[PDB]
Protein chains: 2
Amino acid sequence: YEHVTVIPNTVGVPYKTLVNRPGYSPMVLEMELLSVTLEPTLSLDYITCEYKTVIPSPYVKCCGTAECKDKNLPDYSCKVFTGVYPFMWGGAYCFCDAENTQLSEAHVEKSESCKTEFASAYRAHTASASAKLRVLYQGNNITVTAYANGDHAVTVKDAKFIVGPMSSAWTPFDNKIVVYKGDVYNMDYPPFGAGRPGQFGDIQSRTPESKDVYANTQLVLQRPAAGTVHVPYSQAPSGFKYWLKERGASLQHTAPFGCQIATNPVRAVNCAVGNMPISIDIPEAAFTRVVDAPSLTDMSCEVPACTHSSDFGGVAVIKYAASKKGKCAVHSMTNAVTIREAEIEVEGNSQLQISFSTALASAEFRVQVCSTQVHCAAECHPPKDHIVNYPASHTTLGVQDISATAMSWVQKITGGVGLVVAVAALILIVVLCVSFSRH
Amino acid sequence: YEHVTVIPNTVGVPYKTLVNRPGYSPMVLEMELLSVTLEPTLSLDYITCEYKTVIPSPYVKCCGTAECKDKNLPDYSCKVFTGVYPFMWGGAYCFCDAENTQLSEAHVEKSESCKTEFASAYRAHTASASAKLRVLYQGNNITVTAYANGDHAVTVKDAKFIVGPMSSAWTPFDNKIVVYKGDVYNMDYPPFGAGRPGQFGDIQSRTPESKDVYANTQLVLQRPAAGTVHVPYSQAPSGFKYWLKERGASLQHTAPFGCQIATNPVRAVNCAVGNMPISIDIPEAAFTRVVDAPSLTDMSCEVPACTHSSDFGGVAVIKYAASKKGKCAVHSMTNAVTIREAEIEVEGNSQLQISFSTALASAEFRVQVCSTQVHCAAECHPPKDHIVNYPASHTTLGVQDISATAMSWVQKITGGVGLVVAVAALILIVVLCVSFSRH
Ligand SMILES: *[C@@H]1O[C@H](CO[C@@H]2O[C@@H](C)[C@@H](O)[C@@H](O)[C@@H]2O)[C@@H](O[C@H]2O[C@H](CO)[C@@H](O[C@H]3O[C@H](CO)[C@@H](O)[C@H](O)[C@@H]3O)[C@H](O)[C@H]2NC(C)=O)[C@H](O)[C@H]1NC(C)=O
Ligand SMILES: *[C@@H]1O[C@H](CO[C@@H]2O[C@@H](C)[C@@H](O)[C@@H](O)[C@@H]2O)[C@@H](O[C@H]2O[C@H](CO)[C@@H](O)[C@H](O)[C@H]2NC(C)=O)[C@H](O)[C@H]1NC(C)=O
Ligand SMILES: CC(C)CCC[C@@H](C)[C@H]1CC[C@H]2[C@@H]3CC=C4C[C@@H](O)CC[C@]4(C)[C@H]3CC[C@]12C
Ligand SMILES: CC(C)CCC[C@@H](C)[C@H]1CC[C@H]2[C@@H]3CC=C4C[C@@H](O)CC[C@]4(C)[C@H]3CC[C@]12C
């Protein structure tokens, strides 16, 4: 028997479904999502990290003019200065003083620290959904793990579970993300080969091991102080360090729908978005015939207490006469009331107790004990507490559902007004009938 | 100077773009795409290959019943047969002629050959385009390689090149593809864990090295007969072998737009789809001031011959006064006529010769040389060869807004009829004016 249902993607909230296969006793299954993961496919664009400025010892020509040569280093610059007469601790550097000249050069390389401290710029495309499902099958607890794309069949204890496709393709991740350690950010990082000084991605390489490095630090060489050999320069501070200090809140703190974000691999966990279709192939061995099941008659329902605390605080007691000892599945006949118990053992002449959760002001509902149905009713009270640390177990009710039996006031008022109209209409009709009888 | 142009997404076809920077001699750049690659991102779902059936020696219990134990092998069956009386070359094997039973078992496992001969079922998501562009920068041929997603800018000869984004995201690959060798197929392979006998995917594993194997071969053990000891069985033939024989044409031969398909990794190559925006950053050193450039005077154009066919069948000759010796760019002022040469040299009072390609039955175009223009026109002949093995070089085909010479017949007929209407209208107007002058 193939049974198809749809449940909300909310994690930690169980749902029950009734399987109706004529000739067999009704079966009730319970399903709960323990974990839902959306894992994006990423493609690395570049790695950015703190740059290291390299300045070799300056060259001083004691008498004569030095010349610069071009180099292919990422941001190489060279300049020759004249009219320089530097001093050493023991006296003047050299004798000739008229044309003593100096050559200064510098370039930029990625730091050796980039091996452990770096940020990765990724592009995201699509995501593969998967989930860990728990099902109460035949009175046992089975775990089913599958990809939620509708194309993955998993067999547990002779049942074929099909999960997905997902009703929604929404993700907390943007098309362009940056990942640092455990912190994922949705940032529009600059294009490769065209970074800016003082900004994220000022120095870039395609991979950590690459020798091909792009950098834009706007490094400018300056004239040395007279009497000295130091090499002054103007350079933008690393944009990597600024970014680390100004990162702001991470995605795991800002994401919608309570999404949890983790790295290595990058994934979103337990996002409360949309719903998930589930199809179960149930073997005939799992079914009990109606002739095998107990027959329950002479039943009645009492409800000694009801509070809409969303904690299954409602209690109902049903008296029954069983034809024989055995077990029957129990299921609510309304969406307004959820019953915690999936199955109940019945024997002889006795009563069973069940717990339920509802947001109804008046808990008027039908319950199916085995193959027969009882009717329950109660006046429910509000909770004293305002806030709880758990999600409600009951469903959302409409305006027509939340109404109490006290709504009879509405019927009395509406009927009164409707009667006034009906009478006035009759009076006009009678007068018109007479009016056209005499003219 | 920032210059932006757009070219058709074609391969092996040059395009000309005119760069107009006031105060400088006009620059003409020749661009050609040498290769365009669209590379899909794939995620492996499963591997399917040829299954092997293994049948261990049968166990014979001459005086008693053999028992059966189940196994967790990918596809396992076991059965006990009674009333067997097996024979060997030297005579009957079993002494007892009663209570003689035989235990038969068989299982399916992946063949050793699956490490080499297999088909991979992939899920396709998105694709990243890239291209190899030839640019005639400063008259030189330079190679520019970049991604075509409006990113990964590169610098060649101090010029920056940005390619894309592509005008179309169309791909020859469907969401589900199967790869065997150099042949990629758009086949809707069955879901993992639910393959069918006699069909592709009858045996499945997530990876070639995995010990987790799914199989569905409908293997059934049969009873032995005639005193033999063989173990007969019924099993569907591998769906892999059937698929290989019935593969049909691969995507390499069936894909639209002339797309070429390559594998390891999978690529779509040189698809003639949409267009490709190109942005070039041109260094100031690349421009020559109009004061330094040659300026031509007293120019005239003649056209010795014209053929409205491919491969620049037309020829034109332009006379000029060089003034200062030097070189300049040549560009067509119409889209109807394409000039093959990008630039010419000017000296003395010599003429220049260029070739052109047009679909015009009667050529009529202007040519700009060294910032000045001449008017060229000719009657063009048709080609004799109906079919060629190369694409047309001219911009387009004839349209309602373009016609041959000697079309004065159209003007004469139109004018004659229009005159008849104009006269008839005047006659009626004058008569009416008189009629309305009465009373
Ligand atoms: C299937 O298993 C759940 C138990 O919880 C699950 O399994 C565990 C191992 C873990 O994976 C969890 O993430 C799962 O939710 C069971 O659910 C109920 O049984 C609990 C007792 O085993 C019950 O807790 C009770 O005891 C604690 C004190 O220890 C009290 O505070 C509680 O009030 C309660 O009396 C728990 O509350 C139950 N959960 C629900 C949602 O009703 C299922 O019964 C089990 N199925 C079977 C029949 O084995
Ligand atoms: C710059 O490029 C010219 C075109 O290059 C040709 O086509 C390219 C796609 C590539 O295959 C290259 O190897 C080819 O040479 C080229 O000039 C040539 O152009 C024609 C084809 O249009 C070619 O058959 C012929 O050999 C060349 N003709 C010349 C030399 O005028 C050449 O590489 C170079 N020309 C210049 C401007 O220096
Ligand atoms: C004496 C008479 C007028 C009492 C009437 C009480 C009525 C007007 C009140 C009491 C409870 C209220 C409902 C409570 C729940 C909901 C669900 C909400 O999503 C829409 C409004 C709706 C449906 C409310 C409509 C108004 C409501 C029905
Ligand atoms: C008086 C006689 C000679 C008029 C003949 C006009 C013919 C030769 C010319 C005039 C307009 C031309 C058309 C103009 C536009 C188009 C639409 C284009 O998508 C295909 C070519 C086509 C269809 C041209 C074909 C040739 C054409 C039809």
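A quick note on method: Cβ atoms are made from the backbone with ideal geometry, for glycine too, and the neighbour counts reach across all protein chains shown. Readers should treat all values here as calculations from the given coordinates under stated rules, not as data from a laboratory.
Laid out as a table, the results:
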quantity: Residue match in the range A:92-102 (condition: in contact with a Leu (Cβ under 9 Å, 6 or more places away or on another chain), crowded, with 18+ Cβ neighbours inside 10 Å, in contact (Cβ under 8 Å) with a residue 60 or more places away in the chain and more than 14 Å from every other protein chain (Cβ to nearest Cβ)); calculated: no
quantity: Hey, A:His386 away from ligand 2 (no atom under 16 Å from the Cβ), away from every other protein chain (no Cβ under 14 Å) and within 27 Å of A:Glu32 (Cα to Cα) or not; calculated: yes
quantity: Condition met for A:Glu105 (touching a residue at least 40 places away in the same chain (Cβ under 8 Å) and either away from ligand 2 (no atom under 16 Å from the Cβ) or touching a strand residue (DSSP E or B) at 6+ places or on another chain (Cβ under 6 Å) (or both)); calculated: yes
quantity: Residue within the range A:228-238 that is outside any loop (DSSP other than H, G, I, E, B) and either surrounded by 16 or more Cβ atoms within 10 Å (Cβ to Cβ) or not basic (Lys, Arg) (or both) present; calculated: yes
quantity: Residues of the range B:362-389 classified as under 16 Å from B:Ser309 (Cα atoms) and surrounded by 18 or more Cβ atoms within 10 Å (Cβ to Cβ), total; calculated: 3
quantity: Residue match in the range A:279-292 (condition: buried (at least 20 other Cβ atoms within 10 Å of the Cβ) and of a type in the set (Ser, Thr, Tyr)); calculated: no
quantity: Meets criteria (away from ligand 2 (no atom under 16 Å from the Cβ), within 14 Å of chain B (Cβ to nearest Cβ) and either aliphatic (A, V, I, L, M) or farther than 27 Å from A:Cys259 by Cβ (or both)) for A:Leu34; calculated: no
quantity: Search result, residues across the range B:397-435 that are in contact with a strand residue (DSSP E or B) (Cβ under 6 Å, 6 or more places away or on another chain) and either within 10 Å of ligand 4 (Cβ to nearest atom) or among the small types (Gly, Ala, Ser) (or both); calculated: B:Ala404
quantity: From the options B:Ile344, B:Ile402, B:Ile387, residue that is among the aliphatic types (A, V, I, L, M), assigned to a loop (DSSP other than H, G, I, E, B) and in contact with a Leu (Cβ under 9 Å, 6 or more places away or on another chain); calculated: B:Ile402
quantity: Residues of the range A:314-330 satisfying the condition of being buried (at least 18 other Cβ atoms within 10 Å of the Cβ) and either assigned to a loop (DSSP other than H, G, I, E, B) or in contact with a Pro (Cβ under 7 Å, 6 or more places away or on another chain) (or both); calculated: A:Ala322, A:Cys328, A:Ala329, A:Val330
quantity: Sole residue being more than 16 Å from ligand 4 (Cβ to nearest atom), on the phi < 0 side of the Ramachandran plot and in contact with a helix residue (DSSP H, G or I) (Cβ under 9 Å, 6 or more places away or on another chain), chosen from A:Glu341, A:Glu379; calculated: A:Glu379
quantity: Test result for B:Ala392, within 26 Å of B:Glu32 (Cα to Cα), surrounded by 11 or more Cβ atoms within 10 Å (Cβ to Cβ) and under 49 Å from the mean Cα position of the chain (by Cα); calculated: yes
quantity: Of all residues making up the range B:153-163, the number that are touching a residue at least 40 places away in the same chain (Cβ under 8 Å) and in contact with a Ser or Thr (Cβ under 9 Å, 6 or more places away or on another chain); calculated: 4
quantity: Index of the failed condition, B:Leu42 passing every other in (1) hydrophobic (A, V, I, L, M, F, W, C); (2) within 14 Å of another protein chain (Cβ to nearest Cβ); (3) exposed (fewer than 13 other Cβ atoms within 10 Å of the Cβ); calculated: (3)
quantity: Residue in the range A:197-204 that is among the charged types (D, E, K, R) and surrounded by fewer than 19 Cβ atoms within 10 Å (Cβ to Cβ) present; calculated: no
quantity: Pairs where the first residue, in the range A:129-152, is at positive phi and the second is among the β-branched types (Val, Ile, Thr), C-beta under 9 Å, 6+ apart; calculated: A:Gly150/A:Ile162; A:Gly150/A:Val163
quantity: Test result for B:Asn175, surrounded by fewer than 19 Cβ atoms within 10 Å (Cβ to Cβ), within 14 Å of another protein chain (Cβ to nearest Cβ), within 23 Å of B:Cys271 (Cα to Cα) and touching a residue at least 40 places away in the same chain (Cβ under 8 Å); calculated: yes
quantity: Filter result (under 29 Å from A:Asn186 (Cβ atoms), basic (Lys, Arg) and within 12 Å of another protein chain (Cβ to nearest Cβ)) within the range A:112-161; calculated: A:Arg123
quantity: Strands (runs of 3 or more DSSP E) lying entirely in the range B:49-137 (those with 2 or more residues that are among the hydroxyl-bearing types (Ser, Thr, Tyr) and under 40 Å from the mean Cα position of the chain (by Cα)); calculated: B:119-137
quantity: Per-region count, the range A:113-149, residues touching a strand residue (DSSP E or B) at 6+ places or on another chain (Cβ under 8 Å) and away from ligand 1 (no atom under 16 Å from the Cβ); calculated: 18
quantity: Total residues in the range A:362-384, condition of a type in the set (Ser, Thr, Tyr) and part of a strand (DSSP E or B); calculated: 1
quantity: The range A:178-193: number of residues that are in contact with a strand residue (DSSP E or B) (Cβ under 8 Å, 6 or more places away or on another chain) and either polar (S, T, N, Q) or in a strand (DSSP E or B) (or both); calculated: 6
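The rows are residues; the columns are (1) more than 15 Å from A:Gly313 (Cα to Cα); (2) within 16 Å of ligand 1 (Cβ to nearest atom).
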residue: A:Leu352; (1), (2): yes, no
residue: A:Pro382; (1), (2): no, no
residue: A:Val388; (1), (2): no, yes
residue: A:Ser408; (1), (2): yes, no
residue: A:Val430; (1), (2): yes, no
residue: A:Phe436; (1), (2): yes, no
